[PDB]
Amino acid sequence: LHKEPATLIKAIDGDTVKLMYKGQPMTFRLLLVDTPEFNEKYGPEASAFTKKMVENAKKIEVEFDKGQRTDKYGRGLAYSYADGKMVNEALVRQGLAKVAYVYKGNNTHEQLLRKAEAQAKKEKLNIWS
Ligand SMILES: Cc1cn([C@H]2C[C@H](OP(=O)(O)O)[C@@H](COP(=O)(O)O)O2)c(=O)[nH]c1=O
Ligand SMILES: [Ca+2]
């Protein structure tokens, strides 16, 4: 897998963000995670967490996995990094997302994320509290 550049256009919610990628605006949906919707418990906290992470970053990157790069809604499917830190993993590690939507061929970072979820759950963090 390869990191590629992108620039923040707008935070949207915990697991979706609007980025400029190859010069085009796209909504990205973060691979392998599920945040609560804004309307649901921890939803605002997930949204706040991702927002700060992407807004505070000097450098945003996206990393596609080996399989589909866009979903049925035309959202980009990627791992995203804020100054070298994976947003996907960080959400899970904080108990603000569950590992989810694990599809064959787009799951390179599955076990990394499951390990973070296990640590979050052990800490009884947020969603696991
Ligand atoms: C994360 C992810 C979601 N999706 C689709 C599956 C779900 O379809 P449905 O909308 O039919 O439920 C939806 C979940 O996204 P959200 O959690 O953003 O709603 O997005 C993918 O197809 N691939 C993916 O890797
Ligand atoms: Ca969601």
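**Q** Any chance you could explain the pairing of strand β3 (residues 24–30) here in plain terms?
**A** Regular strands place side chains that alternate from one sheet face to the opposite one. Pairing analysis gives six bridges linking strand β2 (residues 16–21) to β3, with the strands arranged antiparallel. What sits directly across from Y21, in β3, is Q24. Connecting the antiparallel pair β2 and β3 is a turn made up of two residues, with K22 showing a positive phi of about 40 degrees. In this structure, β3 lies alongside strand β6 (residues 76–82), joined through three bridges in parallel fashion. Bridge pairing links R29 to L77 in β6.

**Q** Where do I start with the coordination of the calcium ion (ligand 2) in this structure?
**A** Under ideal tetrahedral coordination, the four donors around a metal are separated by 109.5 degrees; under ideal octahedral coordination, the six donors are separated by 90 or 180 degrees. Protein-derived coordination of the calcium ion (ligand 2) comes from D15 (OD), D34 (OD), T35 (O) and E37 (OE), at a distance range of 2.8 to 2.9 Å. For the calcium ion (ligand 2), the donor residues sit on a single chain with the sequence spacing D-x18-D-T-x1-E.

**Q** I would appreciate a short explanation of the UniProt feature "binding site: Ca(2+)" in the protein chain in the present structure.
**A** Per the UniProt record, "binding site: Ca(2+)" is found at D15, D34 and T35. In three dimensions, the annotated residues from a span of 21 residues occupy one location, with a maximal C-alpha spread of 6.6 Å. Of the annotated residues named above, the ones that line the largest pocket are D15 and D34. The topology assignment puts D34 in strand β4 (residues 33–34). You can call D34 partly exposed: its relative accessible area is 28%. Setting aside residues up to four positions removed in sequence, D34 forms contacts with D15, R29, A97, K98, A100 and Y101. A polar atom in the side chain of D34 sits 3.4 Å from the side chain of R29.

Reading guide: rules and limits
Residues numbered from 1 in each chain as written, not as in the entry; some residues may be left out. Chains lettered and ligands numbered in written order. Heavy atoms only, no water. Pairing = 2+ DSSP bridges. Helix = DSSP H or I, 4+ residues; strand = E, 2+ residues; numbered from the N terminus. Donors = N, O, S within 2.8 Å, 3.2 Å for Na, K, Ca; no water. UniProt positions renumbered as here; feature names shortened; annotations may be inferred. 1 Å grid on protein atoms, 1.4 Å probe; cavity = no way out; pocket = protein on both sides within 12 Å on 5 of 7 lines; lining within 4 Å. Buried < 20%, exposed > 50% of the residue type's maximum accessible area, 1.4 Å probe, protein only. Contact = heavy atoms within 4.5 Å. Polar contact = N/O pair within 3.5 Å; in protein donor to acceptor, adjacent residues only side chain to side chain.

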